[PDB]
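Trainee: Below you will find the structure I want to go over with you.
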Amino acid sequence: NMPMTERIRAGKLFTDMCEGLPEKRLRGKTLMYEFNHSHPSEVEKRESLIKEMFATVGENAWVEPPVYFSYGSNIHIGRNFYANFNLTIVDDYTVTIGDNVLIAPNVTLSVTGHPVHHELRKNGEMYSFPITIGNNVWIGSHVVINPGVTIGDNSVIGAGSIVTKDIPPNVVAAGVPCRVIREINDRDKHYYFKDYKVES
Amino acid sequence: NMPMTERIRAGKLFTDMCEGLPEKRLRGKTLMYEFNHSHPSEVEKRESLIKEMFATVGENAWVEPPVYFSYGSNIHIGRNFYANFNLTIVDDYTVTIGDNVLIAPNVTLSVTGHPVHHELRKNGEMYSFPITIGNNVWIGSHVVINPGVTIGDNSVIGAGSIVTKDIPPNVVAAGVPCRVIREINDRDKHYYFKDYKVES
Amino acid sequence: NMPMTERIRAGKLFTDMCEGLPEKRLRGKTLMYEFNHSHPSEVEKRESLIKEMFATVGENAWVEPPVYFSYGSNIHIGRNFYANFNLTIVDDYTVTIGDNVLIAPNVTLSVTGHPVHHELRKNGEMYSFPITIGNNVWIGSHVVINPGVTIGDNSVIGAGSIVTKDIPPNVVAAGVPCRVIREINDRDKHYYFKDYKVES
Ligand SMILES: CC(C)(COP(=O)(O)OP(=O)(O)OC[C@H]1O[C@@H](n2cnc3c(N)ncnc32)[C@H](O)[C@@H]1OP(=O)(O)O)[C@@H](O)C(=O)NCCC(=O)NCCS
Ligand SMILES: CC(C)(COP(=O)(O)OP(=O)(O)OC[C@H]1O[C@@H](n2cnc3c(N)ncnc32)[C@H](O)[C@@H]1OP(=O)(O)O)[C@@H](O)C(=O)NCCC(=O)NCCS
Ligand SMILES: CC(C)(COP(=O)(O)OP(=O)(O)OC[C@H]1O[C@@H](n2cnc3c(N)ncnc32)[C@H](O)[C@@H]1OP(=O)(O)O)[C@@H](O)C(=O)NCCC(=O)NCCS
């Protein structure tokens, strides 16, 4: 006897078929549908749905439909946020993105997991831990960010990464599981790609 | 002497632009279309389309649109099935899923593949080997399951896994390619995440 | 610096909010919307759009909706092209696909990337390097192909690989990051999958 809602915040196992959760979900997923199916020319429309879908959205935010979430109202986005096609966020709990964050296509964030033992999840039980994307972070394509992960500022996450651990700031991380490939140093102020110098 | 119908069943190479296959594909993608572009409030309709779309569906099935498949009628689902956003199932041949199966967002299932040799696929020839998912299986995000793969009951597939070989029951598997990581023991019956236990 | 469209062609850092780039994108995303939302029965309309969406498309092209791209007009496709669901192509610059190329579902092609050093991207500045996919290439599901990569003729990219470097022709590459597994020999002329021969 503890409201599901309060079990989420406590990191306890819960289910979401009650206490107004389903109604919340239908509100968000309703806005999601008119965004996702809006005509590319309906820019103002899209512009308001964004402010509308997420609990928090800074200025100069852009999201290439389609976009997917469970609620929408648990996603708090910062300034100048760009997200490319198919950004999926399972926001059963807090998801926070800093400023000037760039998100490539087909990225997946999820504060939710299921107990490994199929007996702790007989009724699709879940747990939720907040994700936190720092400022000036860049996430490559097909990246997956798992429950309770924090990505430090100005860091980069390579395409295909499966982030399962916290990622410090100022690094470059990649792999399955995602691991720190390396620190970003002055050479990166000159070389922006493979063998290409900033001064051509 | 053997139709393409019999070739698929036999595991032999084939092509699907005859024997009514194309027309079969159209019927399924038509219901698929209606399902994928349905309003979140069209609850009844969504439920009826599901029992329509797939060959078999057990009680309490839930698929979060959009869903993608080739025929849909080659897929058999057990009971209490929950698939999140963008489940993709290339079912040129039979796909069987058990009960209490949980599928995270952006998961691709595929019974189909193509000869490695470009000489064998001059006309895009393929082979199809059924996929079999046990009961109480949980599949992480961005996981891909290749042709003829069998996942043993109660097993867990970590996010981003690329499954090319059969997974035994009662295991936690992950990686690229997927490798059995450990056995699911009774220590999992208390712990569900890092160091979070369960009390009375 | 110098004009934005030039920086592109020169592999220099650029932003795309001028020189008519946004409008160019709107026509693209417009034809894209018309394609993605078409009905499975509207085959003739789907074919006109294919020819209209991309710069060049050889005969026999088939693209299963939905398909995603930035401009569309920066894509050149050969002949007997086949792409399954959710092909995403960030064609900020040229993307060339040869003949008899088969693409599995959920593949992402991006000629664009961002300077890893945040100071070099304050205004989400990016670079773009063409992508060249040879003839008779087969790309598996959930593959990601990064900027300026060349996939040789007759090669195969396993499901889930993250292709960061060029792939030689006649090989089988897979992995994160993608690495050459072996060369396509003549045994591949008999065995097409795990242990199945052609005549026996
Ligand atoms: C992360 C990235 C920018 C490269 O990091 P970088 O330091 O400048 O690149 P490097 O090639 O020097 O990386 C060094 C090593 O890491 C490997 N590596 C790079 N990216 C990797 C990735 N995503 N996953 C795994 N390994 C990766 C390289 O293959 C290389 O191998 P080696 O050490 O054996 O030689 C690039 O790999 C990438 O993924 N970009 C994302 C592109 C994208 O998704 N764009 C979308 C546009 S919005
Ligand atoms: C599979 C999963 C549950 C972890 O298994 P677990 O046994 O409880 O986790 P562990 O951290 O103890 O795993 C042990 C090792 O495997 C690695 N690992 C875990 N998941 C991995 C994955 N998906 N791919 C590759 N490696 C993985 C860990 O990084 C760790 O590395 P180490 O041995 O060097 O220390 C987790 O990785 C995962 O993928 N969860 C899915 C969440 C999700 O998709 N939720 C959405 C539901 S709607
Ligand atoms: C690439 C592919 C055809 C297999 O290559 P193949 O030579 O005939 O297969 P093999 O099993 O002999 O490959 C050898 C090794 O590479 C590994 N491997 C195969 N595919 C891999 C992949 N995609 N990523 C990483 N490793 C892979 C195998 O696990 C194996 O491991 P081992 O050397 O320890 O034994 C297959 O893995 C694949 O990815 N097919 C794509 C299927 C798909 O997406 N189809 C949809 C089409 S509509």
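Following Swiss-Prot, chain B shows residues 2-201, kept in their order.
Placed from the backbone N, Cα and C atoms, the Cβ positions cover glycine too.
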Trainee: Taking Swiss-Prot at its word that B:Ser142, B:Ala160, B:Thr165, B:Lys166, B:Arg180, B:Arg183 bind acetyl-CoA, choose the one of B:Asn81, B:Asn85, B:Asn101 listed for that site.
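Mentor: Swiss-Prot lists B:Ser142, B:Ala160, B:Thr165, B:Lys166, B:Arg180, B:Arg183 binding acetyl-CoA, and from B:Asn81, B:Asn85, B:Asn101 it also lists B:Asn85.
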Trainee: What are the sequence-distant neighbours of B:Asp93 (substrate binding site), meaning same chain, six or more residues apart, C-beta distance under 8 angstroms?
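Mentor: Within the chain, B:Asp93 (substrate binding site) has Cβ neighbours under 8 Å at B:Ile9, B:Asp17, B:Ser71, B:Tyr72, B:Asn75, B:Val112, B:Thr113, B:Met127, B:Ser129.
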Trainee: In this structure, which of the binding-site residues B:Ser71, B:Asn85, B:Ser142, B:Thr165 has the fewest other Cβ atoms within 10 Å of its Cβ?
Mentor: B:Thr165
Trainee: Listed recorded positions are B:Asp17, B:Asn85, B:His115, B:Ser142, B:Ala160; which sit with C-beta under 6 angstroms of ligand 2?
Mentor: B:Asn85, B:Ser142, B:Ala160
Trainee: Taking chain C as the partner, extract the recorded positions from B:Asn85, B:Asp93, B:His115, B:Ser142, B:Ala160, B:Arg183 whose Cβ is under 8 Å from a partner Cβ; order them by sequence and answer 'none' if none remain.
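Mentor: In terms of proximity to chain C, the recorded positions that count are B:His115, given in sequence order.
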Trainee: Sort B:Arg180 (acetyl-CoA binding site) into helix, strand or coil using the DSSP assignment.
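Mentor: Its secondary structure by DSSP: strand.
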Trainee: For the binding-site residues B:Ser71, B:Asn85, B:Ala160, return the ones with C-beta distance to chain A below 8 angstroms, or 'none'.
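Mentor: Checking chain A against the binding-site residues, the residues within range (Cβ-Cβ under 8 Å) are B:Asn85, B:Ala160.
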Trainee: Taking ligand 3 as the reference, state which of the binding-site residues B:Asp93, B:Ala160, B:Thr165 have a Cβ closer than 6 Å to one of its atoms.
Mentor: B:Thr165
Trainee: Fill in the CA-CA distance, B:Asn85 (substrate binding site) to B:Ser142 (acetyl-CoA binding site), as an integer in Å.
Mentor: 9
Trainee: Do me a favour and check the Cα-Cα span between B:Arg180 (acetyl-CoA binding site) and B:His115 (active site, proton donor/acceptor); whole Å is fine.
Mentor: 23
